[PDB]
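Next up: a single chain in structure tokens, the form deposited in one PDB entry.
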């Protein structure tokens, strides 16, 4: 039994070996208690403000929308300490770990952004941190790897399976299975077994809360739609949460289309996968006809989670949120456009969301619409990637 519903419609659940259930139940209980503890909230708010830099700016993009009836704002999570929205919830989870008397942190990471966020939160709050990262990822993420070590975290390469994020995910669970008494597993996205999808959303919901207050302040009304990329679903659910009950506000999640949905090389399981059970949850998965779990492909390292948070699958099923996809080339074009017209270098992950807003604008230039794109991260990290591609294409 649980204190909170582990499901969003048919999606979610706690599909973990029996040995891990006590850890999940323990975590759910501490989370429910923390949420009703004004002292926990004040400590979390203090770190977010004085250490991470919240509230983040909401930047209007007139140069981009000129000549159209689209007004576009970018929620600036790229300005959060660490360079991405990941920082929000690792601070909340690190505080939860301490509330439970835990002294160690276990984390998984693909692009290394969450790994870096877990390491910085652990460094700040005196937690011993160990990070699992698929060997293929450590290889292409040595900068983030070094950051993690400078911050005192132990980075552990995972060579099992495809040696990527899903593999690091398994290894994290395996570890926690035998150490949850003293270690907390700091999951990096709004997915996995309950209570994680719920906790991650709640520890990211300030994104949407701030956006709503900022948009009301600047435009005197709610956005016609908020747009966010979806890898695992944390930055998107963080932006969406506070707007779910505002029925007039469209919620648009953007999955990576990679080389194109038809090529099969993409990372859009929500709209182009099949429901399965993996990583402790029932949700749309990138998987073979046989049921073996596959990888998500995208020019962006961060949209590599081969599944998607159960709450997104649920919001999609009832029609509350709409999910689309954006290709590598479309994301690259938005990346260039934002650099040239606004002087902001967006993460390639976030560029997928901006690319979709650019499409909404360009396809119907005379449609009056107020849009907010969640700029989940900065793209300084993607400069090498973009450089090579542009050079390669002459």
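Positions refer to the first chain, counted from 1. By rigid core we mean the largest C-alpha set that fits within 1.5 Å across both forms.
The next section is about a form of this same protein that is not shown, the form deposited in another entry.
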Q. Rigid core as reference, CA moved 2 Å or more between this form and the one not shown - which of 218, 320, 140, 259?
A. 140
Q. Core aligned, does the CA of residue 71 move at least 2 Å between this form and the one not shown?
A. no
(Q) Superposing on the rigid core, is the Cα displacement of residue 163 between this form and the one not shown 2 Å or more? (A) yes
